[PDB]
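Below: one protein chain in two forms, given as structure tokens, structure 1 then structure 2.
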Structure 1
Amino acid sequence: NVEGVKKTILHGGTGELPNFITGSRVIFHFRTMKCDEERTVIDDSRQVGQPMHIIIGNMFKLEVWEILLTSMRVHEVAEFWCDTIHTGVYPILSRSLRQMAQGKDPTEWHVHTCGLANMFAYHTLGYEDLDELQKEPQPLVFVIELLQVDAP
């Protein structure tokens, strides 16, 4: 448990806690929503396509999304409300997922240059919804569905 984050389980997982060691790969679906009346969806892995797949970089120093994932069991579906303090990073993080969904490598030099240039010129991440999210810091809910943990 971390401050500013409420976990709710909507479908209980199966089995013992996955082995969430350094280098293991987590396959999951997720949906991100505002906390407005409509619960406006910001991103939805199922809608766009295939599930996300991340590698735990270091079990001893977890990324924020790893803090979420490593609390989960296979097949679990949980909703995590995260206060404004945890979510200011989400728009750039979504930016980068969205470009990888496309054919673009956000780490390639021409892509990253264009991003910084448009961001300085136009104060934009390339996406109206993420821009409005960054201009208005606020809570988000992430619903995550954990599908599979693979050993390294």
Structure 2
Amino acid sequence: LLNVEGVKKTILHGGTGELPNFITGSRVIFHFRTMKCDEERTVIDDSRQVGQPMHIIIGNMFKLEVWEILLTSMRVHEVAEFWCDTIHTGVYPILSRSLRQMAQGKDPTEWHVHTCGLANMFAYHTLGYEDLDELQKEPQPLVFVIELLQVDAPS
């Protein structure tokens, strides 16, 4: 349990070592599973299920991003549970959308994924998957279980 408003952490398998060097331009590599707080703890996304782990890069260590707040409180090999209130979870459907597109093998830089993705959202009022659409329309909290695997410094 660290502290920002509307976020409750619960470490559940501690990491091997002191807090790592989370500096601007570090690639953080990890696994995550995100779940509703219904009875099922219904799973919405799970990197293990898709197979490959997720890599992000620290935009700026002083202007930290809401996921980077979670990632940056983690020692390597740590597995932690981050509950997050409705306030932080509004953007999740659009992240999830963006990641699911990543998986298939396509990036905003590439015109279409982006532009075609905008066409479809405007034309049809959809992110492209019902669960994210359901999730958008019923804002709520989410629990993200995360395993930190690796942290590299920039080239």
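We call the rigid core the largest set of C-alpha positions that still match within 1.5 Å between the two forms. Sequence positions of structure 1, starting at 1, serve as the residue numbers.
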From 85, 62, 89, 111, residue displaced between structures 1 and 2 - CA threshold 2 Å or more, rigid core: 111
After superposing on the rigid core, how much does the Cα of residue 33 shift between structures 1 and 2, in Å? 0.1
After superposing on the rigid core, the Cα of residue 49 moves between structures 1 and 2 by an amount in angstrom of 1.4
Align on the rigid core first, then pass along the CA displacement of residue 120 between structures 1 and 2 in angstrom. 2.2
